[PDB]
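Form deposited in one PDB entry, single chain, as structure tokens, below.
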């Protein structure tokens, strides 16, 4: 159960990244003000959908903090292992919600760049590949984490402990690592755009 502690670090990472995401939404909205009107190209709905997933991620983080405290109160008593798996489910869900958010910000930047820069620059052709790659890498890890969660849950019947829980911990970690890369790419692109206008 170094796990319960690690879960806390994983959750803290996910909060760190959410703050970071929010600073990029801020950057896009500024750029968008200067380049567009808003009532067209799917931008009213973008705004509405950033808000819907932001709300969603706030709830998952709230729900996850509460489960975390619970797990911390339960290290000595035994009858644990169930909260640990519950928590893995909670972090996975947070990661997915944040993936919906990156995909949105990613779309936003593509739309803006299309209008004001030649996509052909070497810097932007790498960006496009790196985005496509990290996005595939992330879905793969999510797909794989989903498969493991179900396996872990089914094996909590008579398991008596598992590497399944440790494999899953790894999975969630590697997904977050990947989101960070994607997060760095989106910050680079806003910086290119902002340098072009502002």
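Positions refer to the first chain, counted from 1. The term rigid core refers to the maximal set of C-alpha atoms that superpose within 1.5 Å between the two forms. Residues that one form lacks are left out of the comparison.
Keep in mind that the form deposited in another entry is not shown, yet the notes after this line are about it.
- Of the residues 137, 156, 166, 61, just one CA atom moves 2 angstroms or more between the shown form and the other one under rigid-core superposition; it belongs to 156.
- Once you line up the core between the shown form and the other one, the Cα of residue 78 ends up 2 Å or more from where it was.
- Between this form and the other one, the CA-CA gap for residue 158 and residue 165 narrows by 3 Å or more, being smaller in the other entry.
- Relative to this conformation, a decrease of 3 Å or more in the Cα-Cα distance between residue 167 and residue 157 is found in the other entry.
- Listed in sequence order, the runs of 3 or more residues present in both forms whose C-alphas shift by at least 2 angstroms between the shown form and the other one, with the core superposed, are 76-81, 156-159.
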